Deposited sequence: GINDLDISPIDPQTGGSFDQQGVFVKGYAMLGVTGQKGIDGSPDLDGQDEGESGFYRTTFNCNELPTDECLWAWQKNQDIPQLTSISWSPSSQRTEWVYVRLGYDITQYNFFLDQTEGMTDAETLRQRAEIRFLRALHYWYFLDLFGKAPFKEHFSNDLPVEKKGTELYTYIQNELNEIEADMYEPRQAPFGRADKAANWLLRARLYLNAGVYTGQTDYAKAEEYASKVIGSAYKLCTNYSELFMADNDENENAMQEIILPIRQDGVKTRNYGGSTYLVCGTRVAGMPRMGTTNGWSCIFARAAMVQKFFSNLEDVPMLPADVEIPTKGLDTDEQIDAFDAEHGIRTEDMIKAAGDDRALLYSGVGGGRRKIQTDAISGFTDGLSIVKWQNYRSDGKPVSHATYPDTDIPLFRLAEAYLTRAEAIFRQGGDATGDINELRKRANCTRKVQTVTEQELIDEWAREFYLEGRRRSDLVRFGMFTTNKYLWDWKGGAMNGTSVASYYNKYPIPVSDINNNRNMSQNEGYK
């Protein structure tokens, strides 16, 4: 529908909706990008390796026929066509409302192009909605286009924290540019840490502030709690009754839980996503310090049916998540090694099930204020896609790369997390580890690993990397996903990424 039937307001809203709503539950914007940036990393593992294309993503051994690569590629492209459609239909309109809408739609399109750039190093490009085949825009050109888009639309965007919650303001714009500049070395071959630092400072200097209780950023009321909202620069709205997405917060909550775990926050635990040993090591350098149930202690088959019973048993063996946090001396150590759901392992010699690694209870469907959530199954928890904390890590890394002292920005995050250990000296290792501690399971890991030259190389080997128990390297061409063979066959304008067949 166009012209008189074009529901501008409605299409505008749908533009944002594509971020959090949609099997069809496997192809959402969040799940596809999340998996491509998480499943192959040191942060987590998908427990059901029999699922199509899972071993590939898990071991960084996919090919151009990868179904999950096609899903994210096609999803990013579809979203952009919808944005191009909105921009074409509102082209020439000069009223203030439309100008703001167009600025935000261009922001969203820019965000999508970043994903193409970060994941594939290029993108099937189209500035408009039409039947013409997209043309290839790669590396530096794509990078330049995204930066220019963000630069041009800034003036029309909302002042920091003045936009209706869920919409992008100037800070979201600056944060994305800071992200682009930080990764400029990867996308253009020429770093630009000074600009990364500059834009990160603009975000830090805005009205946004850090949430004083880390866990609250990932709870059911993170859209009705100032403590959390003051830090969330761009949330993907999710609601238990109105906004459901099997690949949204439902995926982050249900997918990381299994029956028996205390405080599941949902009636359905999928037992899919769990932490790799390397993720746990981010909080415990010596994995021997990780609170664990002794191997010689049996788990009763009776008397462990309720949360209260499970907690008591975990308490006796010092394995409640609160005990995990205390031992780690870090509020972000939201892991679970308790008996709820069965005996957990930290590292496994074979990926056989959900209990082969500690559970990640970072995301929750419980309100910090204790009030009821809207649904017993689907979470109300919003996905804080953009958080002020990214500005601190981005500036810290940029400062470090430029030879400066980044202890301040790092300790700002460690202070917020009530860390017992403060950083005295910043190293590349501390930085990449802090990126994991702060943003694990938020869909960006791979990108940071590639930038640190640690995604495919021997520079950093984590458990099950490359398909080996103790980790092994893979070809460097794997730092970029391949263009789906389906698009290669349909669009002669697109060229396959180097290395792939």
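ask   = Quick one: where does the model skip the deposited sequence?
value = Unmodelled stretches, in sequence order: 1 to 12, 35 to 48.
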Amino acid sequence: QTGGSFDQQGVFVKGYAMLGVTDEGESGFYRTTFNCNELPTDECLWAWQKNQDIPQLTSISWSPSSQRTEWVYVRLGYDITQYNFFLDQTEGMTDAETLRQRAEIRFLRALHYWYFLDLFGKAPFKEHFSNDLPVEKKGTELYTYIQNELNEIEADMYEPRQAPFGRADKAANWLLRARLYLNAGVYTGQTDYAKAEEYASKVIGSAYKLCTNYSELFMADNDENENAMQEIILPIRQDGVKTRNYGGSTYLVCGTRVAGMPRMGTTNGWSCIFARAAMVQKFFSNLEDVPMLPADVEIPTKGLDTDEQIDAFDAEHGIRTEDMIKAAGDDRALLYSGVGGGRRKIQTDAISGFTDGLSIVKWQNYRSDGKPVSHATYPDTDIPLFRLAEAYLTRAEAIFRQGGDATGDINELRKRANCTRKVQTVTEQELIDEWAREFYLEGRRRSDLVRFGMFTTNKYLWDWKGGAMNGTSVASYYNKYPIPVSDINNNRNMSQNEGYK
From here on, numbers count along this sequence of modelled residues.
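Definition used throughout: the rigid core is the maximal C-alpha set that superposes within 1.5 Å between two forms.
message = Which of the two stretches, 258 to 266 versus 88 to 96, has its Cα atoms farther on average from this form in 4 other deposited structures of this protein when everything is superposed by the rigid core?
response = Larger mean C-alpha displacement, comparing 258 to 266 and 88 to 96 in 4 other deposited structures of this protein, is found in 88 to 96.
key: Outlying stretch relative to shown form, 232 to 240 versus 245 to 253 in 4 other deposited structures of this protein, C-alpha RMS (core)   = Stretch with the higher C-alpha RMS distance in 4 other deposited structures of this protein: 245 to 253.
inquiry  = Can you tell me whether 308 to 316 has a higher mean C-alpha B factor than 362 to 370 in this record, or the other way round?
reply    = 308 to 316 has the higher mean C-alpha B-factor.
request  = Would you mind comparing 457 to 465 and 34 to 42 for me and telling me which has the higher average C-alpha temperature factor in the entry?
outcome  = Here the higher of the two C-alpha B-factor means belongs to 457 to 465.
ask   = Between 110, 163, 135, 172, which carries the biggest CA temperature factor in the record?
value = Answer for 110, 163, 135, 172: 135, with the highest C-alpha B-factor.
inquiry  = Per the entry's Cα B factor values, which of 121, 205, 329, 342 stands out as the maximum?
reply    = Most elevated C-alpha B-factor of the set, per the entry: 342.
message = Where does the C-alpha B-factor of residue 299 rank in its chain, lowest, middle or highest third?
response = CA B-factor rank for residue 299: highest third.
ask   = residue 254: which third of its chain by C-alpha temperature factor?
value = Ranked within chain, residue 254 CA B lands in the lowest tercile.
task = Report the third (lowest, middle or highest) to which the CA temperature factor of residue 278 belongs, ranking only the modelled residues of the same chain.
result = Residue 278: CA B-factor falls in the lowest third of its chain.
task = Within this chain's modelled residues, let me know which third the CA B factor of residue 127 belongs to: lowest, middle or highest.
result = It belongs to the highest third of the chain when residues are ordered by C-alpha B-factor.
task = Determine, from the deposited record, the chain-internal third of the Cα B-factor for residue 412: lowest, middle or highest.
result = Answer is highest: the recorded C-alpha B-factor places it there.
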